[PDB]
S.K.: 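If you scroll down you'll find the structure; I have some questions about it.
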Amino acid sequence: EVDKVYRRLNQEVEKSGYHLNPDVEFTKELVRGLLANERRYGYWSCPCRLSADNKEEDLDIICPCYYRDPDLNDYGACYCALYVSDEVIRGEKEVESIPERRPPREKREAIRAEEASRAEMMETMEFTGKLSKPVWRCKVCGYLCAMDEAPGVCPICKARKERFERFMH
Amino acid sequence: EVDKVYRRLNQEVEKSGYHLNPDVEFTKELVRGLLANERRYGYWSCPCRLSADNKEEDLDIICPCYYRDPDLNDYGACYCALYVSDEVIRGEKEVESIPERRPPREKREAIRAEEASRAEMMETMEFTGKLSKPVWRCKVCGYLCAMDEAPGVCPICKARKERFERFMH
Amino acid sequence: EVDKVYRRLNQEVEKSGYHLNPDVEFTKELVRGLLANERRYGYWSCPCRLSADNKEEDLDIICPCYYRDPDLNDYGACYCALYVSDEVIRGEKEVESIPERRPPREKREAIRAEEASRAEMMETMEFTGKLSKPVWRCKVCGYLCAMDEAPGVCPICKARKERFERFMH
Ligand code: SF4
Ligand code: SF4
Ligand code: SF4
Ligand SMILES: [Br-]
Ligand SMILES: [Br-]
Ligand SMILES: [Br-]
Ligand SMILES: [Br-]
Ligand SMILES: [Br-]
Ligand SMILES: [Br-]
Ligand SMILES: [Br-]
Ligand SMILES: [Br-]
Ligand SMILES: [Br-]
Ligand SMILES: [Br-]
Ligand SMILES: [Br-]
Ligand SMILES: [Br-]
Ligand SMILES: [Br-]
Ligand SMILES: [Br-]
Ligand SMILES: [Br-]
Ligand SMILES: [Br-]
Ligand SMILES: [Br-]
Ligand SMILES: [Br-]
Ligand SMILES: [Br-]
Ligand SMILES: [Br-]
Ligand SMILES: [Br-]
Ligand SMILES: [Fe+3]
Ligand SMILES: [Fe+3]
Ligand SMILES: [Fe+3]
Ligand code: NA
Ligand code: NA
Ligand code: NA
Ligand code: NA
Ligand code: NA
Ligand code: NA
Ligand code: NA
Ligand code: NA
Ligand code: NA
Ligand code: NA
Ligand code: NA
Ligand code: NA
C-alpha cells in the first residue's frame with residue numbers, strides 16, 4: 001500500500017548509523033503494524049507489544065522505544081527485531097532471542113514518579129538560582145541588602161548608591 | 001480630610017532615604033486612593049493598579065510594591081509615581097514614563113509556586129540538620145550508633161558510656 | 001497469669017545492656033498493662049500514656065519508645081519507669097521524677113511531615129544517582145551522548161563503538 005513510510009524510515013535511521021532488519025517483508029510487516037497502531041491509538045506504539053492506548057503511559061514504547069539501544073547492544077536486535085545491530089548486519093552479532101526488558105506496570109509507575117520528583121527538584125533549583133539577588137554593602141556603615149542593584153541611598157547612613165560595593169562572602 | 005496619613009508617610013520614607021513625589025496634591029491624591037483601597041479590600045493595594053481583591057494574590061502590589069525599587073532605579077519613579085528617585089529630586093533623573101513591570105497573572109502564579117517549592121526545600125533541610133544526631137563509637141569494639149549521647153553501655157561489648165567517643169568521618 | 005512475657009523481656013533487654021526496674025511487682029504490673037494495650041489497640045502502646053488507638057500516630061510511644069534513651073540518660077528512668085539506668089541499678093543515678101518529653105500532638109504532626117519530606121528528598125536523590133548514565137565521547141568528532149554504553153556507531157562521524165571513550169569532566 002504505502003511503501004513510502006518504509007523507505008523514509010530506512011533512510012532516516014541509516015543516516016544516524018542504525019539499521020533496519022535486512023529481511024524486507026518481515027520489516028515492512030512491522031511497518032504496517034506501526035501504521036495501524038498509529039491509526040488505532042494515535043502514536044507509534046511498539047508493533048509487537050500490547051499498547052495501553054494511553055500515550056502518557058506508553059512513552060517508553062513509542063517506536064523507537066527506550067529499550068532499543070540497550071537491546072541492540074546486548075542482543076543485536078530490538079525486542080521486535082525492527083532494528084538490528086551494526087555487528088549483526090555484517091557478521092558476528094548472530095541475531096538472537098530478546099527478552100522483554102520493559103519493567104512491569106507497577107515498577108514503571110514508581111520509576112516515573114521518581115523521575116518526576118527528580119525533575120521538579122532540578123527545575124525548582126535552576127529557576128531558583130535565576131531569581132537570587134546579589135548582596136550589596138554600604139562602604140560607610142556596612143549595611144547589607146540583597147537587590148539587583150544597590151539602593152539609591154543607604155537607609156542607614158545615607159551614602160549614595162555609588163558608594164556601595166558587591167559583597168562577599 | 002485626613003492629612004494625617006500623608007505626613008506620617010512622608011516622614012516614614014524620608015528616614016529611610018526614599019522620597020515622595022514633590023508635587024503635593026498629586027501625591028495626596030494617591031494617598032486618598034490608598035486609603036480607599038484599604039477600606040474596600042482590606043490592604044493597601046497599589047492605587048493606580050486593578051486590585052484582585054485578594055491579599056494573597058496581591059502581595060506584590062501592596063504599597064510599597066515589589067516593583068518600586070527596580071522602577072526607581074531605572075525610571076526615577078514607581079509605577080504610580082508615588083515615589084521618585086533620589087536623582088530626580090535633585091537634578092538628573094528626569095522623571096519619565098514607567099512601563100508596567102508586574103508580570104501577567106499566569107507568570108505570577110508560576111513564580112509563586114516555584115518560590116513555594118524553593119522555600120519548602122530550604123525549610124525542610126534547615127529543620128533537618130537540626131534533628132540529625134551525632135555518631136558515637138565504642139572504643140573497645142567499634143560499635144557505631146547515632147544519638148545525642150552515647151548509650152549507658154555498649155550493647156555489644158558492655159563498655160560504659162564514658163568509653164565511647166564522637167566519631168568521624 | 002503469663003509470667004512468660006515478663007521474663008523473656010528481662011532477658012531481651014539485659015543482653016543489650018538495658019535494665020528493667022528491679023522492683024518485680026511494679027514491673028510485672030507494667031507488663032500486664034502492655035499486654036492489655038496490645039489486646040486493645042494491636043500494638044504495645046506505652047502502658048502509662050493515653051493511646052490514640054492508631055499505630056501510625058503512636059509509633060513514637062510503642063514500647064520501647066523514642067523517649068526512653070534520652071530519659072534514661074537524663075533522669076535514670078523511662079517515663080513509666082519500666083526501664084532504669086545502668087547508673088541507678090548500681091548507685092548514683094538516684095531514680096527521680098521524669099517529665100513527659102513527648103511533644104504535643106500539633107508539634108508531633110509537624111515533625112512527622114518534615115521527616116516525610118526529608119525522607120522523600122533522600123529517597124528521590126538516591127534513586128536518582130542510580131539511574132544516571134555515563135557520558136560517552138566519540139574520539140574522532142567529539143560527539144557526546146549519555147548511555148550505559150557507547151552507541152554501535154557515532155551518529156555523526158560513524159566511528160565504531162570501540163572508538164568512543166568515557167568523558168570527563
Ligand atoms: S522494540 Fe523495536 S519495534 Fe518495538 S518499539 Fe522498540 S524499536 Fe520500535
Ligand atoms: S507603584 Fe508606587 S504606588 Fe503603586 S504600589 Fe508600587 S509603590 Fe505604592
Ligand atoms: S516510657 Fe517506658 S514504658 Fe512507656 S514506652 Fe517508653 S519505655 Fe516503654
Ligand atoms: Br488500510
Ligand atoms: Br508518537
Ligand atoms: Br546501552
Ligand atoms: Br547499531
Ligand atoms: Br524478542
Ligand atoms: Br549614585
Ligand atoms: Br562593586
Ligand atoms: Br470618606
Ligand atoms: Br496590607
Ligand atoms: Br533594583
Ligand atoms: Br531613591
Ligand atoms: Br507609569
Ligand atoms: Br558512664
Ligand atoms: Br569524644
Ligand atoms: Br486476661
Ligand atoms: Br507493635
Ligand atoms: Br540520648
Ligand atoms: Br542504661
Ligand atoms: Br514520670
Ligand atoms: Br565495536
Ligand atoms: Br574509556
Ligand atoms: Fe550606610
Ligand atoms: Fe563495644
Ligand atoms: Fe564521531
Ligand atoms: Na512521541
Ligand atoms: Na505489566
Ligand atoms: Na531587585
Ligand atoms: Na534609586
Ligand atoms: Na502586607
Ligand atoms: Na494580567
Ligand atoms: Na537522642
Ligand atoms: Na543511660
Ligand atoms: Na512497631
Ligand atoms: Na497532646
Ligand atoms: Na542505556
Ligand atoms: Na549496538
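These numbers come from the heavy atoms of this one structure, side chains and all, not from hydrogens, waters or symmetry mates. Chain identifiers are assigned alphabetically (A, B, ...) following the order of the sequence lines, protein sequences preceding nucleic acid strands; residue numbering begins at 1 within each chain. When a ligand or atom number is given, it counts from 1 through the structure's own listing order.
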S.K.: Using a 4.0 Å cutoff against the non-hydrogen atoms of A:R49, which atoms of ligand 1 qualify?
M.R.: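 Under 4.0 Å from A:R49, ligand 1 has these atoms: 1 (S), 4 (Fe), 6 (Fe).
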S.K.: Donor-acceptor pair, B:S85 side chain versus B:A77 backbone, under 3.5 Å?
M.R.: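 Side chain of B:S85 to backbone of B:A77: no pair is present.
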S.K.: If you measure from the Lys or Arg side-chain nitrogens to the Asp or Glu carboxylate oxygens, is any gap between B:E114 and B:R118 under 4.0 Å?
M.R.: no
S.K.: Sequence neighbours left out, what passes salt bridge (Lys or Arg N to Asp or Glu O under 4.0 Å) with A:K130? Give chain and number order.
M.R.: A:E126
S.K.: So does C:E149 get a backbone contact from the side chain of C:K161, meaning a donor-acceptor N/O pair under 3.5 Å?
M.R.: no
S.K.: Just the protein N/O/S atoms under 2.8 Å from atom 8 (Fe) of ligand 1, please, no waters.
M.R.: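 You should have found A:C63 SG.
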S.K.: So if I apply the side chain to side chain contact (heavy atoms under 4.5 Å, CB included) rule between A:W136 and each of A:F167, A:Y143, A:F164, which one comes out positive?
M.R.: A:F164
S.K.: Kindly confirm or rule out an SG-SG distance below 2.5 Å between A:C48 and A:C80.
M.R.: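 The answer is yes, since A:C80 and A:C48 bring their SG atoms under 2.5 Å apart.
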S.K.: Tell me which pairs pass salt bridge (charged side-chain N to carboxylate O under 4.0 Å, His left out) where either residue lies in residues 54-64 of chain B, with sequence neighbours left out.
M.R.: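 Of all non-adjacent pairs touching residues 54-64 of chain B, those that pass salt bridge (charged side-chain N to carboxylate O under 4.0 Å, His left out) are B:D58-B:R102, B:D60-B:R102, B:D60-B:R112.
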S.K.: Can B:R101 be said to sit on top of B:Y67's aromatic six-ring, NZ or CZ under 6.0 Å from centre and within 45° of the ring axis?
M.R.: no
S.K.: Below the 2.8 Å mark, what number of protein N, O or S atoms do you get around the Fe ion (ligand 25)?
M.R.: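 Atoms of protein N, O or S type lying less than 2.8 Å from the Fe ion (ligand 25) total 4.
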S.K.: For B:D53, is there any backbone N or O sitting under 3.5 Å from a side-chain donor or acceptor partner on B:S51?
M.R.: yes
S.K.: Can you confirm whether B:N37 sits close enough to B:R40 that some side-chain heavy atom of one is under 4.5 Å from a side-chain heavy atom of the other?
M.R.: yes
